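Structure at a glance
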Amino acid sequence: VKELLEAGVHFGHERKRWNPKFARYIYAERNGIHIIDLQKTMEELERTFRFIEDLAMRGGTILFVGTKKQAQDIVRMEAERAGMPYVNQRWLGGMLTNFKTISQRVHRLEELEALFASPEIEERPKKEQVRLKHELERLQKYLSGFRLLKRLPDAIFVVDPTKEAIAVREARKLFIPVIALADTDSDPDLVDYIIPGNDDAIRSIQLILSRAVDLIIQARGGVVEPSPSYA
RNA sequence: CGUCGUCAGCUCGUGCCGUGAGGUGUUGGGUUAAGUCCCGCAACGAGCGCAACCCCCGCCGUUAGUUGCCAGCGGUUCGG
Ligand SMILES: [Mg+2]
Ligand SMILES: [Mg+2]
Ligand SMILES: [Mg+2]
Ligand SMILES: [Mg+2]
Ligand SMILES: [Mg+2]
Ligand SMILES: [Mg+2]
Ligand SMILES: [Mg+2]
Ligand SMILES: [Mg+2]
Ligand SMILES: [Mg+2]
Ligand SMILES: [Mg+2]
Ligand SMILES: [Mg+2]
């Protein structure tokens, strides 16, 4: 499932703005930039995917987090495709560590879908319609990929662990294992199942997250053919 | 009951940070009469306050016509 010229796709990036624990995943540094050893990326993609597989084939949830503008859209696609939750927009504080309270907000979200499907009163004032609807779009913006989470994920997949340090933090306090793609600006030891690759180029964000979702469906019940990628 | 003070404020739940007192939220940019609302945010909500719901005055309509009103008719002791 794994493919090999991801070299055409990413080979990583970032100049000495690096974290030095990431030393082991580096072949050399080129155009004043850290160049990620793909042979290591391989060793890892395997061991990571093995974990991913077992989790799919036991029907266990993955939380997908990415909000850096680059990996932003491709998590709505790729996660819906896996029929799994994600946070696309802002990563609210305490989503895992204070789950039940955050979710108490999704009941509100549902409750608006129900109320605003119609009618059960449109004899409520004009302002209130406006007010309530504005709220509705709101929850929808952050909470959309979140509602699929009815229980604490059995794992979480993150695009930038540095950028999503809070996320990795919340998981570790819960023992929720962490999967992440991570370029050279990252603390490796902080990840359980790790994908040492460029995390800023959508070429790469694409390949890795897709093949992830692919392995997710392929072992879950079915197989599928190409999914959406912006050029 | 006064007062600060009709001032925009004071807290809480759980989360997070801190050995701890405590912090966060309630800070921050814009806006408002206002913790008023907007956006941003390790917070996410909730409460007592703000506001709204009640009374008065301003415009209009309807229900009413006496003890109140008199526009036109008729009388009119000259006082609807
Ligand atoms: Mg980065
Ligand atoms: Mg607290
Ligand atoms: Mg201290
Ligand atoms: Mg503590
Ligand atoms: Mg406290
Ligand atoms: Mg205060
Ligand atoms: Mg305070
Ligand atoms: Mg302010
Ligand atoms: Mg005031
Ligand atoms: Mg308020
Ligand atoms: Mg705030």
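Let us look at the structure shown here. (Residues numbered from 1 in each chain as written, not as in the entry; some residues may be left out. Chains lettered and ligands numbered in written order. Part of a larger assembly, values for the part shown. Heavy atoms only, no water. Residues with missing side-chain atoms left out of burial classes, pairs and counts.)

1. Examining the overall build of chain A
Looking only at helices and strands, chain A features 6 helices and 7 strands. Reading the secondary structure of chain A in the N-to-C direction produces β-β-α-β-α-β-α-α-β-α-β-β-α. Taking 2.2 N^0.38 as the reference for a compact globule, 231 residues should give roughly 17 Å; the C-alpha atoms of chain A span a radius of gyration of 19 Å, in line with that estimate. On the principal axes, the C-alpha backbone points of chain A span a range of 70 × 40 × 35 Å. Of the contacts formed within chain A by residues at least 6 apart in sequence, a portion of 63% connects residues at least 24 apart. (Helix = DSSP H or I, 4+ residues; strand = E, 2+ residues; numbered from the N terminus. Rg over C-alpha atoms; globule rule 2.2 N^0.38 Å. Contact = heavy atoms within 4.5 Å.)

2. Comments concerning the environment of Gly197
As for its position among the elements, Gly197 is in the loop between β7 (193-195) and α6 (202-218). Not counting residues within four places of it along the chain, the set of residues in contact with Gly197 comprises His10, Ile36, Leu181, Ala182 and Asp183.

3. Concerning the nonpolar core
If you look at the biggest cluster of nonpolar residues, it comprises 30 residues, and the most contacted ones within it are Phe64, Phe157, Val159, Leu209 and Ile216. With residues near it in sequence (within four places) discarded, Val159 still touches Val65, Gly66, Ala71, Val75, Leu181, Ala182, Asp199, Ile205 and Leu209. The next biggest cluster of nonpolar side chains, apart from the first, holds 27 residues, and it includes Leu96, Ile102, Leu143 and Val158. (Core = buried A, V, L, I, M, F, W, Y, C linked by side-chain atoms within 4.5 Å. Buried < 20%, exposed > 50% of the residue type's maximum accessible area, 1.4 Å probe, protein only.)

4. Things to note about the protein's contact with RNA strand B
As a structural note, the neighbourhood of RNA strand B is formed by 16 residues, with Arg90, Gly93, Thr97, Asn98 and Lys173 the closest of them. The sugar-phosphate share of atoms of RNA strand B within 4 Å of the protein amounts to 73%. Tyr142 places a side-chain nitrogen or oxygen 3.3 Å from a phosphate oxygen of RNA strand B. Only α3 (99-115), α4 (126-143) and α5 (165-172) provide two or more residues apiece to the surface near RNA strand B. Sort the elements by how many residues they give to the surface near RNA strand B and α4 lands first, with 4 residues. Tallied by class, residues from the surface near RNA strand B come to 4 nonpolar, 6 polar and 6 charged. (Near = heavy atom within 4 Å. Polar contact = N/O pair within 3.5 Å; in protein donor to acceptor, adjacent residues only side chain to side chain. Nonpolar A, V, L, I, M, F, W, Y, C, P; charged D, E, K, R; others polar.)

5. What to know about the packing of helix α2 (residues 69-81) against α6
Packing of α2 against α6 leaves a shortest axis separation of 10 Å and a crossing angle of 15°. Our classification of the angle between α2 and α6 gives roughly parallel. The handedness of the crossing between α2 and α6 comes out as right-handed. Contact residues: α2 offers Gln70, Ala71, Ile74, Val75, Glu78 and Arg81, while α6 offers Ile202, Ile205, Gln206, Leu209, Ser210, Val213, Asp214 and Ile217. (Axes fitted to C-alpha atoms, helices over the stretch in contact; angles between N-to-C directions. Parallel < 35°, antiparallel > 145°, perpendicular 65-115°, else oblique. Left-handed = near helix turned anticlockwise from the far one by under 90°.)

6. Comments concerning the side chain of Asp214
The topology assignment puts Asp214 in helix α6. When residues no more than four places from it in sequence are discounted, the contact partners of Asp214 are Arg81 and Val224.

7. Concerning the packing of aromatic side chains
Per the stated rule, a full pass over the model turns up 4 aromatic pairs. Centroid distance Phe64 to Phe157: 5.6 Å. Interplanar angle 50°. Geometry classified as tilted. A residue pair is termed long-range when its members are at least 10 positions apart, and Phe64 in strand β3 (residues 62-65) and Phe157 in strand β5 (residues 155-158) qualify at 93 residues. A relative accessible area of 2% places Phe64 in the buried class. Taking the relative accessible area as the measure of exposure, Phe157 reaches 2% and is therefore buried. (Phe/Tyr/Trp six-rings, centres within 6.5 Å; stacked < 30°, edge-to-face > 60°.)

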